[PDB]
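Coordinate-derived values only; no laboratory data. Note that we place each Cβ from the backbone using ideal geometry, even for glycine, and neighbour counts take in every protein chain shown.
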Amino acid sequence: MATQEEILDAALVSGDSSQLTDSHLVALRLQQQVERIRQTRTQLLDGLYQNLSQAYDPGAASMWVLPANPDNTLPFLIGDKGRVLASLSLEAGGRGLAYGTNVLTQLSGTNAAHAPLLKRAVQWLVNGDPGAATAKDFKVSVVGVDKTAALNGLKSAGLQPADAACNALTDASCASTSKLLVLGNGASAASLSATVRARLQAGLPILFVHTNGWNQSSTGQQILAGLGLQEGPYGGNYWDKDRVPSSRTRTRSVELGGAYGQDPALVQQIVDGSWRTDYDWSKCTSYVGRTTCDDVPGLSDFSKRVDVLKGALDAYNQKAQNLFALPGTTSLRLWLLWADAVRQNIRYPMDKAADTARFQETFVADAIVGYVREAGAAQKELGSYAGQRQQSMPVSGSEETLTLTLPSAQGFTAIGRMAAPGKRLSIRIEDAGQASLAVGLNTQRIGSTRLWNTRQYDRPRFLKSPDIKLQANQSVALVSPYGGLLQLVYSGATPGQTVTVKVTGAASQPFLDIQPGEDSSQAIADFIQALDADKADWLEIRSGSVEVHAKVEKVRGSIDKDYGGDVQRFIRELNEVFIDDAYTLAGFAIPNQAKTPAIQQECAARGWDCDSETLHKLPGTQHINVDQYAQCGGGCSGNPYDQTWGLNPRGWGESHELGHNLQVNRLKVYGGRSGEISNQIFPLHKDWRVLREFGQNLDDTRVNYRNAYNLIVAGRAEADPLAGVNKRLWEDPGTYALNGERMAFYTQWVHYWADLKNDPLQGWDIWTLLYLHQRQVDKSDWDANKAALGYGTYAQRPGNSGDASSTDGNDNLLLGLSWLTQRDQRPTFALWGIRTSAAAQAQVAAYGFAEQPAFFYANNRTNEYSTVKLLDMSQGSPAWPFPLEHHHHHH
Ligand SMILES: [Zn+2]
């Protein structure tokens, strides 16, 4: 029925791009509109400038003042370095001008040359025409900046203003009689932004001067917002000292101001299809399978122009502003609808050489997504991100209420619902306390769109939305073209607080929400049933301080591969063998889980606090993304950390990487030298557990006892035996240097503790105890607790350096280990080439323990401790006591 022309016109009002498919049509309209704006700008600027001097130097002590909506705001003065030093506003049908410094008191000094242009700008403010004289004694209200100095400035520019002698900012009758309001940052008013806007809308011209030099100003920001302008970033003009030179021409300033925050060349390119056919892709590089193209000539400049558009639209997304409910946003509306229209046409996969036109146009459209609206369109093809299930997910007509717990002060947490593609969702938050909140969609890192890899432009570049700010008790309506996992983004929260999320129009992905310390068997059954229905492409799991955001087919693949399709057993292992294993090893205070009897008892014997939230609360969330692609490689560090293989509760990588989140500097030998070592206790512990509890032998050659021994025996023969071992074991700075040999130091203490306790099952408690000890060392009141912690001799809390040249880690390890074992461990530290400070050595001497003579635990397997052998290193070095497993040695 309706033509595309008709669909476009209605879409411009409503934001409803559902039926809009002709991108070329929208693009012609955008071209006309961008040309309207350039014509309107250039006539205004040309009228302002004429052949007057363009010289304007605001100095280092000044601020940049930027436009926002390109249809109604624009630069006035752009320096040679491209910084906007003053801007013009026609917002709300008004007239305003804003400068980054108080130019009015410089019109007889540094900026005498600017005075004639300033007079034309005032004529434009007062009369709407830069060549129309002001009346003699025209009434000017000056508020928030020195009145006499401002009025004298205007006089020295050849104007004849008279003091209005009333306040046109705060008094609406004064406004109606006044010809101009001049504002500075000393102003007082109720609802300053709205008040400025009201005056502007009513037809009072406004001239703002920034009065705080290179300092930012909240009052300044609020005035600018009322004008529809933007305070520049921190530091102002302090570094660049940008200025407009005397040599600047009318033509050039008209061109720069007409072009600012506009891209007619891009719009033409779109309209004509003139996408670049000859990028030199040979200049792309690849790194562990990911191709990037930063050095392809021309490409960065193009990508940065597309970033401008993305940044301009995302500024509205972030503040929860609906462009279609804001008057005079036509250019931006047209960009948004153009990109929605492209999205009806996208087809995957694309390749950077084979499909230059579709690839480049998509590259642009993907950058332009308006989330805050009452209606919109789904992208037709979701490629490697999702498919028909995501597209068809049902949504709730009624409002659902969700209670979320924030585990730390800052981060994000899964809400447990999705936006469905093209479907309006409404959301709000209540009972936030002092937490600052936003909503976001999806968790993908941008490297997981592999668009520069051959034929892998197969999903949107920006699956994760901007963070959309929320206010207590105010609803926001969203439509996403992709659908997505809703996240609650938070800062300034109180660990353990809750937030109430009310949402209407959301879909319900399979979501497993383990309730801390409560029975979960119903939640699991409900999750399994949701998976069985197979109505989603994405699922989430929240289990303790871990949240998993996962493509269903990837998780299904892991369950099918390693669990024979048994979703229950997979979940149990994920919760227990993976997650709980790690958090319990690190000794955190886990709801409704007591410490084991041996840990309980040792904590009482040491008289320690091993249970308070104050000291041992669970840390903030570690997120895991499971997807077809990762930020880097086939999996990548971070938070979230990314992986593409699935999700393996028994995996080495999963626990190694979780282990990074749980590292602490005071348990690292030589700082960064243990940056890939001290986290290894997590996967090692898990493998020890897996071999015992399941009979499966994983990664059984990780701990290189044999070569650690070789290096120790060779090193200790040197004149300085500690330095000799240090050189051989800890000196190499390579990321995974001597990884297996350094790990063997960490396990020494496990075998020692098992022997000391006379219980082969207790060995790993030493690491849980050191963790407990360290968090007290880190946060307990020093004078009151140092004796219990074995730090009696220290006037102050030790340092927390992670540097390889620091002894902070070595020292605390030496003290914790000596104190817990109740033996002086200096001789085994020396054996391993590990130096400690004089302070720490004195503390160990203070304990008055018997030395533990140097010792070394040797094994020819990592996971099976029953064969470990204890070597006395105190008088010499015995021969390595093992053959190699399943090996034929030389006769
Ligand atoms: Zn690592």
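On the given criteria, is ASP301 part of a helix (DSSP H, G or I) and in contact (Cβ under 8 Å) with a residue 24 or more places away in the chain? So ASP301 does not fit the description; no.
Evaluation of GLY153 against the conditions (1) of a type in the set (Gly, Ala, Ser); (2) buried (at least 21 other Cβ atoms within 10 Å of the Cβ); (3) closer than 20 Å to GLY94 by Cβ shows that the sole unmet condition is (3).
Screening region 614-667 for residues that are out of contact with any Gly (no Cβ under 8 Å at 6 or more places or on another chain) and of a type in the set (A, V, I, L, M, F, W, C) and picking the one that is farthest from the ligand (Cβ to nearest atom) gives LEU615. Scanning region 78-129 for residues that are of a type outside the set (S, T, N, Q) and part of a loop (DSSP other than H, G, I, E, B) yields a count of 13. Listed by position, the helices (runs of 4 or more DSSP H) inside region 524-618 whose residues that are closer than 27 Å to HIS656 by Cα and in contact with a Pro (Cβ under 8 Å, 6 or more places away or on another chain) number at least 2 are 567-573. Among all residues of region 271-286, there is at least one that is surrounded by 13 or more Cβ atoms within 10 Å (Cβ to Cβ), touching a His at 6+ places or on another chain (Cβ under 9 Å) and farther than 30 Å from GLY633 by Cβ.
Per this entry, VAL267 is not counted among residues that are farther than 29 Å from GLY94 by Cα, among the β-branched types (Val, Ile, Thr), in a helix (DSSP H, G or I) and touching a helix residue (DSSP H, G or I) at 6+ places or on another chain (Cβ under 8 Å). Only a single item in (1) within 47 Å of the chain's Cα centre (by Cα); (2) in contact (Cβ under 8 Å) with a residue 24 or more places away in the chain; (3) farther than 12 Å from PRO205 by Cα is not met by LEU125, and it is number (3).
Take the residues in region 203-234 that are among the hydrophobic types (A, V, I, L, M, F, W, C) and assigned to a helix (DSSP H, G or I), then tell me which one is surrounded by the most Cβ atoms within 10 Å (Cβ to Cβ).
Within region 203-234, the match that is surrounded by the most Cβ atoms within 10 Å (Cβ to Cβ) is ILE223.
Conditions tested, residue by residue: (1) surrounded by 18 or more Cβ atoms within 10 Å (Cβ to Cβ); (2) within 30 Å of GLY816 (Cα to Cα).
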position: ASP537; (1), (2): yes, no
position: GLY565; (1), (2): no, no
position: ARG572; (1), (2): no, no
position: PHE578; (1), (2): yes, yes
position: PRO591; (1), (2): no, yes
position: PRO597; (1), (2): no, yes
position: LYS617; (1), (2): no, yes
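Scanning region 869-883 for residues that are assigned to a loop (DSSP other than H, G, I, E, B) and touching a residue at least 40 places away in the same chain (Cβ under 8 Å) gives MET873, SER874, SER877, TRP880, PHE882. Considered as a group, the residues in region 2-25 that are out of contact with any helix residue (DSSP H, G or I) (no Cβ under 6 Å at 6 or more places or on another chain), free of Cβ contacts under 8 Å to residues at least 24 places away in the same chain and of a type outside the set (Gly, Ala, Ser) include one that is nearest to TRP335 (Cα to Cα), and that residue is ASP9. Somewhere in region 447-468, is a residue under 21 Å from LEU402 (Cα atoms) and either of a type outside the set (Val, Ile, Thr) or assigned to a loop (DSSP other than H, G, I, E, B) (or both)? Yes, there is a match, as at least one residue in region 447-468 is under 21 Å from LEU402 (Cα atoms) and either of a type outside the set (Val, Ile, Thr) or assigned to a loop (DSSP other than H, G, I, E, B) (or both). The set of residues in region 795-830 being under 37 Å from the mean Cα position of the chain (by Cα), farther than 17 Å from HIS773 by Cα and buried (at least 20 other Cβ atoms within 10 Å of the Cβ) consists of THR807 alone.
Any residue at all in region 157-174 that is buried (at least 18 other Cβ atoms within 10 Å of the Cβ) and among the β-branched types (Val, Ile, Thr)? It would help to see each step written out before you state the result.
So in region 157-174, the residues buried (at least 18 other Cβ atoms within 10 Å of the Cβ) come out as 157, 159, 161, 164, 167-169, 174.
Adding the requirement that they be among the β-branched types (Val, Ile, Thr) leaves none.
Among the residues of region 157-174, not one is buried (at least 18 other Cβ atoms within 10 Å of the Cβ) and among the β-branched types (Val, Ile, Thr), which makes the answer no.
Of all the criteria given as (1) among the small types (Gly, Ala, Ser); (2) within 19 Å of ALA858 (Cβ to Cβ); (3) in a loop (DSSP other than H, G, I, E, B); (4) within 16 Å of the ligand (Cβ to nearest atom), the one not satisfied by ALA737 is (2). Being among the basic types (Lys, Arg) and either in contact with a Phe, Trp or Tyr (Cβ under 9 Å, 6 or more places away or on another chain) or within 16 Å of the ligand (Cβ to nearest atom) (or both) is the filter here; which residues of region 693-733 pass it? Matches in region 693-733: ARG702, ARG706.
From the list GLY184, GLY131, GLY236, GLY220, which residue is touching a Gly at 6+ places or on another chain (Cβ under 9 Å), closer than 25 Å to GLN50 by Cβ and of a type in the set (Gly, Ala, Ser)?
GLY131
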